[PDB]
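Heads up, run-v3.pdb below (PDB, C-alpha atoms):
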ATOM      1  CA  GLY W   1      14.412  10.916  15.585
ATOM      2  CA  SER W   2      13.628   9.841  12.031
ATOM      3  CA  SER W   3      15.602   6.597  12.237
ATOM      4  CA  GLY W   4      13.088   4.567  14.220
ATOM      5  CA  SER W   5      10.534   2.694  12.128
ATOM      6  CA  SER W   6       8.527  -0.373  13.146
ATOM      7  CA  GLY W   7       8.351  -3.876  11.708
ATOM      8  CA  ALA W   8       4.705  -4.792  12.232
ATOM      9  CA  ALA W   9       2.287  -6.725  10.023
ATOM     10  CA  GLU W  10       5.177  -8.993   9.035
ATOM     11  CA  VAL W  11       6.589 -12.263  10.370
ATOM     12  CA  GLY W  12       9.436 -14.511   9.268
ATOM     13  CA  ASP W  13       9.396 -18.266   8.714
ATOM     14  CA  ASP W  14      10.555 -21.037  11.048
ATOM     15  CA  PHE W  15      13.079 -22.895   8.892
ATOM     16  CA  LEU W  16      16.124 -21.073   7.524
ATOM     17  CA  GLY W  17      16.780 -21.786   3.859
ATOM     18  CA  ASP W  18      20.187 -23.076   2.792
ATOM     19  CA  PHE W  19      21.401 -19.643   1.691
ATOM     20  CA  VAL W  20      25.000 -18.580   2.310
ATOM     21  CA  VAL W  21      26.306 -15.029   2.693
ATOM     22  CA  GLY W  22      27.406 -13.692  -0.680
ATOM     23  CA  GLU W  23      25.136 -15.454  -3.162
ATOM     24  CA  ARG W  24      22.554 -14.389  -5.745
ATOM     25  CA  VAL W  25      18.944 -15.207  -4.875
ATOM     26  CA  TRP W  26      15.676 -14.196  -6.539
ATOM     27  CA  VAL W  27      13.330 -12.436  -4.116
ATOM     28  CA  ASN W  28       9.744 -13.457  -4.867
ATOM     29  CA  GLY W  29      10.893 -14.467  -8.336
ATOM     30  CA  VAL W  30      11.540 -10.825  -9.187
ATOM     31  CA  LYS W  31      15.285 -10.185  -9.352
ATOM     32  CA  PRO W  32      18.545 -11.681  -7.974
ATOM     33  CA  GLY W  33      19.966 -10.164  -4.804
ATOM     34  CA  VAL W  34      23.183 -10.469  -2.812
ATOM     35  CA  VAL W  35      22.551 -11.973   0.624
ATOM     36  CA  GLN W  36      24.444 -10.199   3.406
ATOM     37  CA  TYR W  37      22.482 -11.042   6.553
ATOM     38  CA  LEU W  38      20.824 -14.328   7.513
ATOM     39  CA  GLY W  39      18.878 -15.225  10.640
ATOM     40  CA  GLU W  40      16.452 -13.439  12.950
ATOM     41  CA  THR W  41      15.829  -9.734  12.354
ATOM     42  CA  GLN W  42      15.046  -7.073  14.956
ATOM     43  CA  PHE W  43      12.235  -5.170  13.237
ATOM     44  CA  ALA W  44      10.154  -8.353  13.112
ATOM     45  CA  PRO W  45      10.269 -11.872  14.646
ATOM     46  CA  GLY W  46      10.524 -15.169  12.791
ATOM     47  CA  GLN W  47      13.285 -16.244  10.418
ATOM     48  CA  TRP W  48      14.547 -13.542   8.059
ATOM     49  CA  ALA W  49      17.156 -13.233   5.308
ATOM     50  CA  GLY W  50      18.747  -9.915   4.398
ATOM     51  CA  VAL W  51      19.308  -9.396   0.678
ATOM     52  CA  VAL W  52      20.890  -6.551  -1.288
ATOM     53  CA  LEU W  53      19.516  -5.594  -4.704
ATOM     54  CA  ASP W  54      21.784  -4.646  -7.606
ATOM     55  CA  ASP W  55      19.811  -1.434  -8.112
ATOM     56  CA  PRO W  56      17.755   0.946  -5.903
ATOM     57  CA  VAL W  57      14.536  -1.078  -5.826
ATOM     58  CA  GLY W  58      14.462  -2.729  -2.415
ATOM     59  CA  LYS W  59      12.806  -1.504   0.774
ATOM     60  CA  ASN W  60      15.318  -0.549   3.466
ATOM     61  CA  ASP W  61      18.880   0.787   3.422
ATOM     62  CA  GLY W  62      20.483  -1.653   5.839
ATOM     63  CA  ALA W  63      19.139   0.136   8.905
ATOM     64  CA  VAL W  64      15.622  -0.592  10.153
ATOM     65  CA  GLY W  65      14.493   1.141  13.329
ATOM     66  CA  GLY W  66      18.022   2.050  14.345
ATOM     67  CA  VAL W  67      19.285  -1.511  13.987
ATOM     68  CA  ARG W  68      21.986  -1.799  11.326
ATOM     69  CA  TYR W  69      22.380  -5.294   9.880
ATOM     70  CA  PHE W  70      24.512  -4.824   6.765
ATOM     71  CA  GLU W  71      26.141  -1.862   5.019
ATOM     72  CA  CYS W  72      24.907  -1.076   1.508
ATOM     73  CA  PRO W  73      23.308   1.631  -0.702
ATOM     74  CA  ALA W  74      19.842   2.994   0.070
ATOM     75  CA  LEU W  75      16.659   1.430  -1.303
ATOM     76  CA  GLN W  76      18.629  -1.788  -1.798
ATOM     77  CA  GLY W  77      18.809  -3.548   1.549
ATOM     78  CA  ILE W  78      15.510  -5.382   1.158
ATOM     79  CA  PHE W  79      14.441  -7.867   3.835
ATOM     80  CA  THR W  80      12.366 -10.994   3.216
ATOM     81  CA  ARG W  81      11.785 -14.571   4.372
ATOM     82  CA  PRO W  82      14.470 -17.154   3.421
ATOM     83  CA  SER W  83      11.862 -19.320   1.699
ATOM     84  CA  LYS W  84      10.906 -16.319  -0.434
ATOM     85  CA  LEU W  85      14.428 -16.359  -1.869
ATOM     86  CA  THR W  86      15.384 -18.744  -4.673
ATOM     87  CA  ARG W  87      18.387 -19.755  -6.779
ATOM     88  CA  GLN W  88      16.547 -19.099 -10.044
ATOM     89  CA  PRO W  89      14.010 -16.696 -11.640
ATOM     90  CA  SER W  90      10.511 -18.089 -11.111
ATOM     91  CA  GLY W  91       7.002 -16.826 -11.797
ATOM     92  CA  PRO W  92       4.648 -19.294 -13.560
ATOM     93  CA  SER W  93       5.326 -21.970 -10.943
ATOM     94  CA  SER W  94       6.321 -21.843  -7.273
ATOM     95  CA  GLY W  95       7.354 -25.475  -6.909
TER      96      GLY W  95
END
For this file, write the structure as structure tokens.
Amino acid sequence: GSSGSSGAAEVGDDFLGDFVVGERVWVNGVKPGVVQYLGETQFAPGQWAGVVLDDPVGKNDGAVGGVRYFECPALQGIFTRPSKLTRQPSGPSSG
């Protein structure tokens, strides 16, 4: 019933960033997150990269629309494009 959201108004990239499973990456230059899933999601097309936040400040809880990618706390399993992730805290520059 409840578990059945939709992933519209969002599309992934084409190229998958060189991000391994179990590393710390900064999502949108906000905070570092542990990558658990990498590839194409189910809620939305395009390339996606699952990342787990250290604290409850993500978006999903591992399950999006019934599909369970990785297992982790709630409000932590945030999903975003691989390119969006980075190996360092950015902000003033995106190059």
Using the chain letters and numbering of this document, enumerate as a ChimeraX atom specification the residues selected by the PyMOL selection byres ((chain W and resi 4) around 12). /W:1-3,5-7,42-43,63-68
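As for CA of residue 18 in chain W and CA of residue 72 in chain W, they are spaced 22.5 Å apart.
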Between W:75, W:16, W:44, W:30, which is the closest to residue 58 in chain W once you count only C-alpha atoms? W:75
Residue members of the PyMOL selection byres ((chain W and resi 57) around 9) in the file shown, as JSON, numbers by chain: {"W": [53, 54, 55, 56, 58, 59, 74, 75, 76, 77, 78]}
Would you translate the PyMOL selection byres ((chain W and resi 34) around 9) into the concrete set of residues it matches in this file, as an NGL selection string? :W and (21-25 or 32-33 or 35-36 or 50-54)
Please return as number ranges by chain every residue within 12 Å of (4.7, -7.9, 9.3), taking into account all atoms listed in the file and the file's own coordinates. W: 6-13, 41-46, 48, 79-81
Take every atom of range 79-94 of chain W listed in the file, pad by 3 Å on each side, and give me the axis-aligned box centre and edge lengths in Å, one decimal, as lines of an AutoDock Vina configuration file.
center_x = 11.5
center_y = -14.9
center_z = -4.6
size_x = 19.7
size_y = 20.1
size_z = 23.9
